[PDB]
file run-v5.txt (compact mmCIF, C-alpha atoms)
# COMPACT_ATOMS: atom_id res chain seq x y z
CA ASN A 1 -22.39 -9.18 -19.12
CA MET A 2 -20.45 -6.32 -17.48
CA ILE A 3 -23.74 -5.67 -15.67
CA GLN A 4 -24.03 -9.24 -14.36
CA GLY A 5 -20.41 -9.35 -13.21
CA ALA A 6 -20.77 -5.90 -11.66
CA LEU A 7 -23.91 -6.54 -9.59
CA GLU A 8 -22.77 -10.10 -8.86
CA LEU A 9 -19.72 -8.46 -7.31
CA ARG A 10 -21.86 -5.87 -5.51
CA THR A 11 -24.09 -8.65 -4.12
CA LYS A 12 -21.34 -10.71 -2.47
CA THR A 13 -20.53 -10.42 1.21
CA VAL A 14 -17.32 -10.95 3.14
CA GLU A 15 -18.68 -14.32 4.29
CA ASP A 16 -18.66 -15.49 0.66
CA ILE A 17 -15.05 -14.36 0.11
CA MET A 18 -13.22 -14.68 3.45
CA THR A 19 -10.76 -17.42 4.14
CA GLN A 20 -12.33 -19.63 6.79
CA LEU A 21 -11.00 -19.50 10.34
CA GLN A 22 -10.11 -23.19 10.28
CA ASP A 23 -7.86 -22.74 7.22
CA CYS A 24 -6.14 -19.61 8.62
CA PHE A 25 -2.77 -19.82 10.36
CA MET A 26 -2.99 -18.09 13.75
CA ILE A 27 -0.73 -17.97 16.81
CA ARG A 28 -1.39 -18.12 20.54
CA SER A 29 -0.48 -14.91 22.36
CA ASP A 30 1.32 -16.86 25.10
CA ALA A 31 3.69 -18.32 22.49
CA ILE A 32 7.44 -17.81 22.75
CA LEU A 33 9.55 -17.31 19.65
CA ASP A 34 11.98 -20.23 19.58
CA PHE A 35 13.43 -22.02 16.57
CA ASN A 36 10.33 -24.21 16.27
CA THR A 37 7.79 -21.37 16.50
CA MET A 38 9.93 -19.08 14.32
CA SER A 39 10.53 -21.72 11.65
CA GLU A 40 6.81 -22.51 11.67
CA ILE A 41 5.91 -18.84 11.18
CA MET A 42 8.27 -18.56 8.18
CA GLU A 43 7.14 -21.85 6.62
CA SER A 44 3.53 -20.69 6.91
CA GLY A 45 4.18 -18.01 4.28
CA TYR A 46 1.60 -15.56 5.65
CA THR A 47 2.85 -11.99 5.94
CA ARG A 48 0.25 -11.09 8.62
CA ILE A 49 -0.51 -13.62 11.38
CA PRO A 50 -3.40 -13.15 13.86
CA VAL A 51 -2.48 -13.26 17.55
CA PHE A 52 -5.28 -14.50 19.82
CA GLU A 53 -5.71 -14.95 23.59
CA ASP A 54 -7.17 -18.17 25.03
CA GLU A 55 -10.01 -19.21 22.71
CA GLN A 56 -9.17 -19.00 19.01
CA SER A 57 -12.16 -16.73 18.36
CA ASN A 58 -10.79 -13.88 20.52
CA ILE A 59 -8.09 -12.09 18.52
CA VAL A 60 -6.13 -9.52 20.51
CA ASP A 61 -3.20 -8.45 18.33
CA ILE A 62 -1.78 -8.86 14.82
CA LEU A 63 1.79 -9.94 14.06
CA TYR A 64 3.70 -8.66 11.04
CA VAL A 65 6.30 -11.27 10.16
CA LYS A 66 8.89 -8.71 9.02
CA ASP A 67 9.03 -7.78 12.72
CA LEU A 68 10.63 -11.15 13.53
CA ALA A 69 13.76 -10.21 11.56
CA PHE A 70 16.09 -9.47 14.48
CA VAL A 71 14.53 -12.00 16.88
CA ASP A 72 16.99 -14.71 17.84
CA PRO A 73 15.40 -18.07 18.76
CA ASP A 74 18.16 -18.54 21.34
CA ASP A 75 16.87 -15.58 23.37
CA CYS A 76 13.39 -17.19 23.30
CA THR A 77 11.72 -13.82 23.79
CA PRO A 78 7.94 -14.32 23.98
CA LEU A 79 5.72 -12.99 21.20
CA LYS A 80 3.81 -11.38 24.09
CA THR A 81 6.54 -8.73 24.19
CA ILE A 82 5.92 -7.92 20.52
CA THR A 83 2.11 -7.85 20.52
CA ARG A 84 1.93 -6.01 23.84
CA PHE A 85 4.25 -3.48 22.17
CA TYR A 86 2.21 -2.84 19.02
CA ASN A 87 -1.48 -3.12 19.90
CA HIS A 88 -2.41 -2.62 16.27
CA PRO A 89 -6.08 -1.64 15.92
CA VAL A 90 -8.01 -4.83 15.27
CA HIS A 91 -10.36 -4.61 12.30
CA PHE A 92 -13.83 -6.12 12.67
CA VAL A 93 -16.61 -6.38 10.10
CA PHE A 94 -20.17 -7.69 9.89
CA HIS A 95 -20.55 -10.91 7.91
CA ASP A 96 -23.21 -9.26 5.70
CA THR A 97 -21.04 -6.30 4.66
CA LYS A 98 -20.82 -5.59 0.93
CA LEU A 99 -17.44 -5.26 -0.74
CA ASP A 100 -17.83 -1.62 -1.76
CA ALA A 101 -18.28 -0.50 1.86
CA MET A 102 -15.30 -2.69 2.74
CA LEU A 103 -13.26 -0.84 0.10
CA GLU A 104 -14.37 2.37 1.78
CA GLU A 105 -13.01 1.17 5.13
CA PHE A 106 -9.74 0.27 3.40
CA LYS A 107 -9.56 3.62 1.60
CA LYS A 108 -9.97 5.46 4.92
CA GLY A 109 -6.74 3.80 6.10
CA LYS A 110 -7.90 0.80 8.11
CA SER A 111 -5.73 -2.30 8.41
CA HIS A 112 -5.73 -4.29 5.17
CA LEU A 113 -6.59 -7.41 7.23
CA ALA A 114 -10.12 -7.72 8.63
CA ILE A 115 -11.92 -10.20 10.90
CA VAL A 116 -15.43 -11.45 10.12
CA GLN A 117 -17.98 -11.44 12.96
CA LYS A 118 -21.57 -12.72 13.03
CA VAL A 119 -24.23 -12.31 15.71
CA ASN A 120 -24.93 -15.79 17.07
CA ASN A 121 -28.41 -16.29 18.51
CA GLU A 122 -27.92 -20.02 19.14
CA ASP A 123 -28.13 -13.70 24.97
CA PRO A 124 -26.71 -13.39 21.45
CA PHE A 125 -22.91 -13.26 21.21
CA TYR A 126 -20.43 -12.37 18.47
CA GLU A 127 -18.62 -15.31 16.83
CA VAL A 128 -15.56 -15.12 14.57
CA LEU A 129 -16.01 -16.98 11.29
CA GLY A 130 -12.62 -16.20 9.77
CA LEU A 131 -10.59 -13.56 7.97
CA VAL A 132 -10.89 -11.45 4.80
CA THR A 133 -8.32 -9.00 3.42
CA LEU A 134 -8.10 -6.29 0.77
CA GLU A 135 -6.21 -8.71 -1.48
CA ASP A 136 -9.22 -11.04 -1.42
CA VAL A 137 -11.48 -8.09 -2.31
CA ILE A 138 -9.47 -7.00 -5.35
CA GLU A 139 -9.10 -10.67 -6.31
CA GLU A 140 -12.90 -10.88 -6.40
CA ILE A 141 -12.95 -7.76 -8.60
CA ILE A 142 -10.57 -9.02 -11.29
CA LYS A 143 -12.05 -12.53 -11.15
CA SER A 144 -15.76 -11.74 -11.35
CA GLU A 145 -15.61 -9.12 -14.12
CA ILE A 146 -14.07 -11.63 -16.53
CA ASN B 1 -16.54 2.27 -5.68
CA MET B 2 -16.05 -1.27 -6.97
CA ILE B 3 -16.40 0.20 -10.48
CA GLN B 4 -13.81 2.88 -9.73
CA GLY B 5 -11.40 0.21 -8.47
CA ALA B 6 -11.89 -2.06 -11.48
CA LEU B 7 -11.57 0.74 -14.03
CA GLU B 8 -8.48 2.27 -12.43
CA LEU B 9 -7.25 -1.32 -12.28
CA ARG B 10 -7.52 -1.79 -16.05
CA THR B 11 -6.36 1.69 -17.16
CA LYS B 12 -3.15 2.16 -15.16
CA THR B 13 0.07 0.72 -16.57
CA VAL B 14 2.66 -0.55 -14.10
CA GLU B 15 4.87 2.30 -15.36
CA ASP B 16 2.45 4.82 -13.82
CA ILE B 17 2.36 2.84 -10.56
CA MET B 18 6.05 2.03 -10.46
CA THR B 19 8.83 3.30 -8.23
CA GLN B 20 11.67 4.61 -10.38
CA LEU B 21 14.99 2.77 -10.26
CA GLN B 22 17.08 5.74 -9.09
CA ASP B 23 14.80 6.03 -6.05
CA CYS B 24 14.70 2.31 -5.25
CA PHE B 25 16.44 0.79 -2.24
CA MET B 26 18.62 -2.02 -3.57
CA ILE B 27 21.55 -3.95 -2.14
CA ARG B 28 24.71 -5.18 -3.82
CA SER B 29 25.06 -8.95 -3.91
CA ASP B 30 28.54 -8.85 -2.32
CA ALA B 31 27.34 -6.86 0.70
CA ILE B 32 27.85 -8.41 4.13
CA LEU B 33 25.35 -8.48 6.97
CA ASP B 34 27.11 -6.43 9.67
CA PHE B 35 25.28 -4.00 11.96
CA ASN B 36 25.11 -1.06 9.54
CA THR B 37 23.73 -3.29 6.79
CA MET B 38 21.03 -4.96 8.90
CA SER B 39 20.04 -1.64 10.48
CA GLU B 40 19.73 -0.09 7.02
CA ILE B 41 17.62 -2.99 5.75
CA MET B 42 15.39 -2.64 8.82
CA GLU B 43 14.87 1.13 8.65
CA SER B 44 14.23 0.90 4.90
CA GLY B 45 10.92 -0.81 5.64
CA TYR B 46 11.00 -2.94 2.49
CA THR B 47 9.92 -6.55 2.96
CA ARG B 48 11.49 -7.64 -0.36
CA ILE B 49 14.78 -6.02 -1.46
CA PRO B 50 16.24 -6.39 -4.99
CA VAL B 51 19.77 -7.81 -5.17
CA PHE B 52 21.98 -6.62 -8.04
CA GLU B 53 25.47 -7.26 -9.45
CA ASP B 54 27.75 -4.55 -10.86
CA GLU B 55 25.41 -1.87 -12.19
CA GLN B 56 22.04 -1.26 -10.56
CA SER B 57 20.31 -2.18 -13.83
CA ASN B 58 21.38 -5.84 -13.60
CA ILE B 59 19.12 -7.37 -10.95
CA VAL B 60 20.32 -10.93 -10.32
CA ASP B 61 18.37 -11.93 -7.16
CA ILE B 62 15.70 -11.02 -4.60
CA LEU B 63 16.03 -10.91 -0.80
CA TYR B 64 12.95 -11.68 1.24
CA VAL B 65 13.73 -9.73 4.40
CA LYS B 66 11.90 -12.27 6.61
CA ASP B 67 14.55 -14.88 5.76
CA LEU B 68 17.00 -12.65 7.68
CA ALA B 69 15.28 -13.95 10.80
CA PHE B 70 17.83 -16.74 11.04
CA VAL B 71 20.91 -14.52 10.51
CA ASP B 72 22.79 -12.62 13.19
CA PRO B 73 24.89 -9.54 12.29
CA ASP B 74 27.80 -10.51 14.56
CA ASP B 75 28.45 -13.43 12.19
CA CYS B 76 29.16 -11.09 9.21
CA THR B 77 27.33 -13.41 6.87
CA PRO B 78 27.63 -12.67 3.14
CA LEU B 79 24.35 -11.82 1.45
CA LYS B 80 25.70 -14.04 -1.34
CA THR B 81 25.29 -17.09 0.95
CA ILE B 82 21.65 -16.26 1.68
CA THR B 83 20.82 -15.50 -1.96
CA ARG B 84 22.49 -18.72 -3.08
CA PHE B 85 20.76 -20.65 -0.28
CA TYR B 86 17.15 -19.63 -0.88
CA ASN B 87 17.43 -18.94 -4.64
CA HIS B 88 14.26 -16.80 -4.83
CA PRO B 89 12.78 -16.07 -8.28
CA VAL B 90 13.09 -12.70 -10.02
CA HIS B 91 10.03 -11.36 -11.87
CA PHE B 92 10.22 -9.17 -14.98
CA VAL B 93 7.23 -7.52 -16.65
CA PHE B 94 6.52 -5.38 -19.70
CA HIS B 95 6.01 -1.66 -19.13
CA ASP B 96 2.65 -1.79 -20.95
CA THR B 97 1.18 -4.44 -18.63
CA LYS B 98 -2.07 -3.32 -17.01
CA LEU B 99 -2.46 -3.56 -13.24
CA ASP B 100 -5.02 -6.37 -13.16
CA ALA B 101 -2.81 -8.52 -15.40
CA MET B 102 0.02 -7.86 -12.95
CA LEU B 103 -2.23 -9.11 -10.17
CA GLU B 104 -2.65 -12.23 -12.30
CA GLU B 105 1.13 -12.66 -12.51
CA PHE B 106 1.65 -12.24 -8.75
CA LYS B 107 -1.35 -14.50 -8.07
CA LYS B 108 0.37 -17.32 -9.99
CA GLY B 109 2.85 -17.59 -7.10
CA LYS B 110 5.62 -15.34 -8.40
CA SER B 111 7.50 -13.00 -6.11
CA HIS B 112 5.46 -9.98 -5.08
CA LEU B 113 8.14 -7.66 -6.51
CA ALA B 114 8.30 -7.26 -10.32
CA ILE B 115 10.87 -5.46 -12.49
CA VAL B 116 9.55 -3.20 -15.27
CA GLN B 117 11.25 -3.57 -18.67
CA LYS B 118 11.03 -1.38 -21.77
CA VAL B 119 12.34 -2.05 -25.27
CA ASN B 120 14.99 0.53 -26.22
CA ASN B 121 15.56 1.20 -29.94
CA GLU B 122 17.65 4.34 -29.58
CA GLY B 123 21.20 3.09 -30.15
CA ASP B 124 21.59 -3.47 -31.32
CA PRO B 125 18.43 -2.66 -29.35
CA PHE B 126 18.06 -3.95 -25.80
CA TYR B 127 15.62 -4.27 -22.90
CA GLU B 128 15.67 -1.41 -20.38
CA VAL B 129 15.01 -1.60 -16.63
CA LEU B 130 12.77 1.34 -15.68
CA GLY B 131 12.08 0.38 -12.07
CA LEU B 132 10.02 -2.08 -10.07
CA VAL B 133 6.39 -2.49 -9.02
CA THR B 134 5.11 -4.46 -6.04
CA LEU B 135 1.77 -6.08 -5.29
CA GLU B 136 1.53 -3.56 -2.44
CA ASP B 137 2.05 -0.74 -4.96
CA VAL B 138 -0.87 -2.09 -6.99
CA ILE B 139 -3.27 -2.36 -4.05
CA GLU B 140 -2.30 1.11 -2.78
CA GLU B 141 -3.04 2.48 -6.24
CA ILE B 142 -6.50 0.92 -6.04
CA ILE B 143 -7.41 2.52 -2.71
CA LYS B 144 -6.32 6.03 -3.75
call {"tool": "encode", "arguments": {"input": "run-v5.txt", "output": "structure tokens"}}
result
Amino acid sequence: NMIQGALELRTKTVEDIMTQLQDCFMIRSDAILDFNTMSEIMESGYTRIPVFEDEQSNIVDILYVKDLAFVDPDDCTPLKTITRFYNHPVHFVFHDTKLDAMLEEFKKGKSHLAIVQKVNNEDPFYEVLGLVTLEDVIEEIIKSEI
Amino acid sequence: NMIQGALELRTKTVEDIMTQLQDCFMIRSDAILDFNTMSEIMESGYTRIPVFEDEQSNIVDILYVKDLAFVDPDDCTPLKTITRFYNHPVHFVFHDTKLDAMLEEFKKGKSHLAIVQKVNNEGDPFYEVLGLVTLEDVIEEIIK
């Protein structure tokens, strides 16, 4: 039993865990932080929000919502200021990657949020299927062993 | 790797993971939101701050720092107004609770900060507040 849960964990990929891109809450890099955008970001509940340029599949920066604390919606400062400030390293991963290697990347200090990419032959280009995070990994651990 | 994470997940008690109370960053519930207060909350780096009344051991509320988005410090807004307005839940947990079980409690939708309680027989017995443990604390203790 412990064996089956263990290797069933070890056999999953990020594709099988990751929240799908269409169910993720993202934000356009051009966006300005006004009461509507701000309120939306809060109401979303996500602590880390992807910031993408143009097409949804190209993710430039990452927004930590605690950083919106002092932003006043009356100043209407664009999120572009914030993301162009940070330039957090974006974390990319192959869709076939096993969870143990993922846990290695997280142990080495990489961003706890990671973006799932697959080579699309349909020249081949890299498409973004969605997002997986360390919390999803550990969730799979404690779920699958029981 | 996965095995190491699961095993360390089921051995460690939240007491081992926890941040002691004396070293916590808390805020009194009567505090007001002027520049020193907001600047302190910002430089603390905590995303969820415990809110207490009288002694530090009595933790009445929780402040999600992101709420503070809609406050301005020139208003001198009482933290009591915010705490009464959102009414966020406080989470208590037994000092013997294993880490994975704690992940189950947080996963149920409870606040991602949890207060660790011990039973104290040493002088009528009472429940004792040792500190707090956060979901982030748990995950960090898995990757180390």
call {"tool": "residues_around", "arguments": {"input": "run-v5.txt", "residues": "residue B:58", "least_positions_apart": "4", "cutoff": "12 Å", "atoms": "all atoms listed in the file", "output": "VMD selection string"}}
result
chain B and resid 21 26 to 29 50 to 54 62 90 92 115 117 127 to 131
call {"tool": "atom_distance", "arguments": {"input": "run-v5.txt", "atom1": "atom CA of residue A:95", "atom2": "atom CA of residue B:112"}}
result
29.1 Å
call {"tool": "closest_residue", "arguments": {"input": "run-v5.txt", "among": "A:64, A:106, A:126, A:86", "to": "chain B", "atoms": "all atoms listed in the file"}}
result
A:106
call {"tool": "closest_residue", "arguments": {"input": "run-v5.txt", "among": "A:146, A:102, A:39, A:28", "to": "residue A:79", "atoms": "all atoms listed in the file"}}
result
A:28
call {"tool": "axis_aligned_box", "arguments": {"input": "run-v5.txt", "around": "stretch 18-27 of chain B", "padding_each_side": "4 Å", "output": "AutoDock Vina command-line options"}}
result
--center_x 13.8 --center_y 1.0 --center_z -6.3 --size_x 23.5 --size_y 18.0 --size_z 16.3
call {"tool": "atom_distance", "arguments": {"input": "run-v5.txt", "atom1": "atom CA of residue A:19", "atom2": "atom CA of residue B:48"}}
result
24.7 Å
call {"tool": "residues_around", "arguments": {"input": "run-v5.txt", "residues": "residue B:77", "least_positions_apart": "2", "cutoff": "7 Å", "atoms": "only C-alpha atoms", "output": "ChimeraX atom specification"}}
result
/B:32-33,75,79
call {"tool": "closest_residue", "arguments": {"input": "run-v5.txt", "among": "B:119, B:31, B:102, B:82", "to": "residue B:12", "atoms": "only C-alpha atoms"}}
result
B:102
call {"tool": "residues_around", "arguments": {"input": "run-v5.txt", "residues": "residue A:12", "least_positions_apart": "4", "cutoff": "9 Å", "atoms": "all atoms listed in the file", "output": "ChimeraX atom specification"}}
result
/A:7-8,16-17,96-99
call {"tool": "closest_atom_pairs", "arguments": {"input": "run-v5.txt", "of": "chain B", "to": "chain A", "cutoff": "6 Å", "atoms": "all atoms listed in the file", "output": "tab-separated table"}}
result
residue	atom	partner	partner_atom	distance
B:1	CA	A:100	CA	5.7
B:2	CA	A:100	CA	5.5
B:66	CA	A:66	CA	5.2
B:68	CA	A:69	CA	5.6
B:69	CA	A:69	CA	4.1
B:143	CA	A:107	CA	4.9
call {"tool": "closest_residue", "arguments": {"input": "run-v5.txt", "among": "A:127, A:113, A:75, A:62", "to": "residue A:88", "atoms": "only C-alpha atoms"}}
result
A:62
call {"tool": "residues_around", "arguments": {"input": "run-v5.txt", "residues": "residue B:132", "least_positions_apart": "3", "cutoff": "10 Å", "atoms": "all atoms listed in the file", "output": "VMD selection string"}}
result
chain B and resid 14 to 15 17 to 21 24 50 91 to 93 95 113 to 117 129 137
call {"tool": "atom_distance", "arguments": {"input": "run-v5.txt", "atom1": "atom CA of residue A:128", "atom2": "atom CA of residue A:22"}}
result
10.6 Å
call {"tool": "residues_near_point", "arguments": {"input": "run-v5.txt", "point": "(3.8, -7.3, 23.2)", "cutoff": "12 Å", "atoms": "all atoms listed in the file", "output": "MDAnalysis selection string"}}
result
chainID A and resid 29:32 51 60:63 67 77:88
call {"tool": "residues_around", "arguments": {"input": "run-v5.txt", "residues": "residue B:8", "least_positions_apart": "4", "cutoff": "9 Å", "atoms": "only C-alpha atoms", "output": "list in words"}}
result
residues 3, 4, 12, 99, 141 and 142 of chain B
call {"tool": "write_last_selection", "arguments": {"input": "run-v5.txt", "atoms": "C-alpha atoms", "output": "PDB file, in the coordinates of the input"}}
result
ATOM      1  CA  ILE B   3     -16.400   0.200 -10.480  1.00  0.00           C
ATOM      2  CA  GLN B   4     -13.810   2.880  -9.730  1.00  0.00           C
ATOM      3  CA  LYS B  12      -3.150   2.160 -15.160  1.00  0.00           C
ATOM      4  CA  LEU B  99      -2.460  -3.560 -13.240  1.00  0.00           C
ATOM      5  CA  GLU B 141      -3.040   2.480  -6.240  1.00  0.00           C
ATOM      6  CA  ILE B 142      -6.500   0.920  -6.040  1.00  0.00           C
TER       7      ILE B 142
END
call {"tool": "closest_residue", "arguments": {"input": "run-v5.txt", "among": "B:76, B:38, B:133, B:49", "to": "residue B:63", "atoms": "only C-alpha atoms"}}
result
B:49
call {"tool": "residues_near_point", "arguments": {"input": "run-v5.txt", "point": "(-9.5, -15.4, 12.2)", "cutoff": "9 Å", "atoms": "only C-alpha atoms", "output": "PDB file with C-alpha atoms, in the coordinates of the input"}}
result
ATOM      1  CA  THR A  19     -10.760 -17.420   4.140  1.00  0.00           C
ATOM      2  CA  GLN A  20     -12.330 -19.630   6.790  1.00  0.00           C
ATOM      3  CA  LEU A  21     -11.000 -19.500  10.340  1.00  0.00           C
ATOM      4  CA  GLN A  22     -10.110 -23.190  10.280  1.00  0.00           C
ATOM      5  CA  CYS A  24      -6.140 -19.610   8.620  1.00  0.00           C
ATOM      6  CA  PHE A  25      -2.770 -19.820  10.360  1.00  0.00           C
ATOM      7  CA  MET A  26      -2.990 -18.090  13.750  1.00  0.00           C
ATOM      8  CA  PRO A  50      -3.400 -13.150  13.860  1.00  0.00           C
ATOM      9  CA  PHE A  52      -5.280 -14.500  19.820  1.00  0.00           C
ATOM     10  CA  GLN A  56      -9.170 -19.000  19.010  1.00  0.00           C
ATOM     11  CA  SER A  57     -12.160 -16.730  18.360  1.00  0.00           C
ATOM     12  CA  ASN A  58     -10.790 -13.880  20.520  1.00  0.00           C
ATOM     13  CA  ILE A  59      -8.090 -12.090  18.520  1.00  0.00           C
ATOM     14  CA  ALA A 114     -10.120  -7.720   8.630  1.00  0.00           C
ATOM     15  CA  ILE A 115     -11.920 -10.200  10.900  1.00  0.00           C
ATOM     16  CA  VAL A 116     -15.430 -11.450  10.120  1.00  0.00           C
ATOM     17  CA  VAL A 128     -15.560 -15.120  14.570  1.00  0.00           C
ATOM     18  CA  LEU A 129     -16.010 -16.980  11.290  1.00  0.00           C
ATOM     19  CA  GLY A 130     -12.620 -16.200   9.770  1.00  0.00           C
ATOM     20  CA  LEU A 131     -10.590 -13.560   7.970  1.00  0.00           C
ATOM     21  CA  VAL A 132     -10.890 -11.450   4.800  1.00  0.00           C
TER      22      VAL A 132
END
call {"tool": "decode", "arguments": {"input": "run-v5.txt", "residues": "stretch 60-83 of chain B", "atoms": "N, CA and C atoms", "output": "tab-separated table (two decimals), in the first residue's frame"}}
result
chain	number	residue	atom	x	y	z
B	60	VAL	N	-7.10	37.80	20.09
B	60	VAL	CA	-8.51	37.96	19.76
B	60	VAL	C	-8.80	37.92	18.25
B	61	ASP	N	-7.89	38.41	17.40
B	61	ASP	CA	-8.19	38.59	15.98
B	61	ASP	C	-6.96	38.27	15.14
B	62	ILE	N	-7.14	38.41	13.83
B	62	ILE	CA	-6.07	38.25	12.84
B	62	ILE	C	-6.21	39.36	11.80
B	63	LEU	N	-5.08	39.97	11.43
B	63	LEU	CA	-5.02	41.00	10.40
B	63	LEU	C	-4.35	40.42	9.16
B	64	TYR	N	-5.13	40.23	8.10
B	64	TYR	CA	-4.53	40.04	6.78
B	64	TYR	C	-3.96	41.37	6.33
B	65	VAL	N	-2.66	41.40	6.05
B	65	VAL	CA	-2.03	42.67	5.71
B	65	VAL	C	-2.56	43.21	4.38
B	66	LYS	N	-2.99	42.33	3.47
B	66	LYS	CA	-3.43	42.79	2.15
B	66	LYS	C	-4.69	43.64	2.24
B	67	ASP	N	-5.53	43.39	3.24
B	67	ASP	CA	-6.68	44.26	3.49
B	67	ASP	C	-6.25	45.72	3.54
B	68	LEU	N	-5.11	45.99	4.19
B	68	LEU	CA	-4.60	47.33	4.44
B	68	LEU	C	-4.41	48.11	3.14
B	69	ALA	N	-4.56	47.42	2.01
B	69	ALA	CA	-4.61	48.11	0.73
B	69	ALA	C	-5.55	49.31	0.77
B	70	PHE	N	-6.75	49.15	1.32
B	70	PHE	CA	-7.72	50.23	1.18
B	70	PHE	C	-7.67	51.26	2.31
B	71	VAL	N	-6.67	51.18	3.18
B	71	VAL	CA	-6.44	52.16	4.23
B	71	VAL	C	-5.35	53.13	3.81
B	72	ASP	N	-5.44	54.37	4.29
B	72	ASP	CA	-4.35	55.32	4.17
B	72	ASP	C	-3.92	55.80	5.56
B	73	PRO	N	-2.61	55.92	5.81
B	73	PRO	CA	-2.15	56.26	7.17
B	73	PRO	C	-2.45	57.69	7.59
B	74	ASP	N	-2.71	58.60	6.66
B	74	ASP	CA	-3.08	59.96	7.04
B	74	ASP	C	-4.47	60.01	7.68
B	75	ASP	N	-5.28	58.97	7.49
B	75	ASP	CA	-6.60	58.93	8.12
B	75	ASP	C	-6.54	58.59	9.60
B	76	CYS	N	-5.48	57.92	10.06
B	76	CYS	CA	-5.35	57.48	11.46
B	76	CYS	C	-6.53	56.58	11.84
B	77	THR	N	-6.67	55.53	11.05
B	77	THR	CA	-7.76	54.59	11.17
B	77	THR	C	-7.47	53.57	12.25
B	78	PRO	N	-8.39	53.34	13.19
B	78	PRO	CA	-8.13	52.35	14.23
B	78	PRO	C	-8.09	50.96	13.63
B	79	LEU	N	-7.10	50.17	14.06
B	79	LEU	CA	-7.07	48.76	13.68
B	79	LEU	C	-8.33	48.05	14.15
B	80	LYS	N	-8.95	48.55	15.22
B	80	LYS	CA	-10.19	47.97	15.71
B	80	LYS	C	-11.30	48.01	14.67
B	81	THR	N	-11.37	49.09	13.87
B	81	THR	CA	-12.36	49.21	12.80
B	81	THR	C	-12.15	48.15	11.74
B	82	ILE	N	-10.90	47.94	11.33
B	82	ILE	CA	-10.60	46.94	10.31
B	82	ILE	C	-10.93	45.54	10.83
B	83	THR	N	-10.43	45.22	12.03
B	83	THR	CA	-10.68	43.91	12.61
B	83	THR	C	-12.17	43.65	12.77
